[PDB]
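Here's the structure we're looking at; comments come further down.
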Amino acid sequence: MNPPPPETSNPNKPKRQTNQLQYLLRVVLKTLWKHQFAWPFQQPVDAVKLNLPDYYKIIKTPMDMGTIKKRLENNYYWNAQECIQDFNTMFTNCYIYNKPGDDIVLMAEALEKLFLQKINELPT
Ligand SMILES: Cc1nnc2ccc(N3CCC(C)CC3)nn12
Ligand code: NA
């Protein structure tokens with residue numbers, strides 16, 4: 001079955017708009033989003049649709065770019081590192097649930113390299 005997706009709002013959580021978080025939405029996320037390999041990551045993994053009944057029996061901190069995009073648009077993060085950690089969790093989840101050489105893993109590897117290329121230099 002599917003668990004509920006990660007939260008994109010939390011009224012008690014402190015939030016910030018920074019130049020780096022603006023950039024993570026305008027440049028980093030919106031560039032990755034258009035990549036030919038982005039589509040499996042644009043929404044939470046649907047274990048019922050995709051017939052992966054063990055996905056959430058294995059993956060305990062799910063993350064995806066649709067959640068990340070909604071968090072950025074909702075001003076959910078305190079700083080850029082928090083959002084970067086969500087991207088890293090998304091990539092590592094894919095490596096954990098699958099194995100080397102899988103098509104989905106090749107996709108994640110390419111996106112992760114583009115991601116790191118984009119956050120190598122951030123605005124001040
Ligand atoms: C996201 C994600 N993380 N692990 C997986 C395993 C499979 C999967 N799908 C099947 C094939 C893929 C090209 C698209 C959907 N997605 N997936
Ligand atoms: Na950059």
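All values below were derived from every heavy atom in this structure, side-chain atoms included, with hydrogens, water molecules and symmetry-related copies excluded. Note that ligands are numbered from 1 as they come in the structure, with each ligand's atoms numbered from 1 the same way. Index from 1, following the sequence.
Of all heavy-atom pairs spanning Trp78 and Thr18, the tightest one is O-CG2, 4.3 Å. For the pair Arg71 and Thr8, the tightest heavy-atom approach, listed with the atom from each and the gap, is CG-CA, 4.1 Å.
Evaluated by nearest non-hydrogen atom to atom 15 (C) of ligand 1, the leading choice among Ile59, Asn51, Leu50 is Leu50. Nearest to atom 5 (C) of ligand 1 by heavy-atom distance, out of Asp103, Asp64, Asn98, is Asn98.
Although no hydrogens or angles enter the test, the distance criterion places a donor-acceptor pair under 3.5 Å between the side chain of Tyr56 and the main chain of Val45. Remark: side-chain polar atoms of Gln42 are paired, donor with acceptor, to backbone N or O of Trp33 under 3.5 angstrom.
Applying the 4.0 Å criterion to heavy atoms of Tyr97 picks out, from ligand 1, the atoms 4 (N).
Regarding atom 1 (C) of ligand 1, its nearest protein heavy-atom neighbour is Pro40 O, 3.4 Å. Atom 7 (C) of ligand 1 has its closest protein heavy atom at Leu52 CD1, 4.1 Å. Atom 2 (C) of ligand 1 has its closest protein heavy atom at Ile104 CG1, 3.7 Å. The protein non-hydrogen atom at the shortest distance from atom 13 (C) of ligand 1 is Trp39 CH2, 3.5 Å.
Residue-environment remark: CD (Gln117) stays at or below the threshold of 12 foreign heavy atoms within 6.0 Å.
The distance cut-off of 3.0 Å around the Na ion (ligand 2) captures these protein N, O or S atoms, sorted by chain and number: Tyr23 OH, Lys118 O, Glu121 O.
Contact annotation for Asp102 and ligand 1: no heavy atom of the residue comes within less than 4.0 Å of the ligand.
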Kindly determine whether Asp64 and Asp86 satisfy side chain to side chain contact (heavy atoms under 4.5 Å, CB included), including the steps that lead there.
CA-CA 8 Å; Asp64 66 279; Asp86 276 353; over 6 Å; no
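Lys99 has its side chain out of reach of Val105: every pair of non-hydrogen atoms, C-beta onward, lies at least 4.5 Å apart.
For the pair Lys13 and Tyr76, the cation-pi test (distance below 6.0 Å, angle within 45°) is passed.
Between the side chains of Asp46 and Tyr55, no donor-acceptor pair is found at a separation under 3.5 Å.
Between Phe91 and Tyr95, the ring-plane angle classifies as parallel under the 30° and 60° cut-offs.
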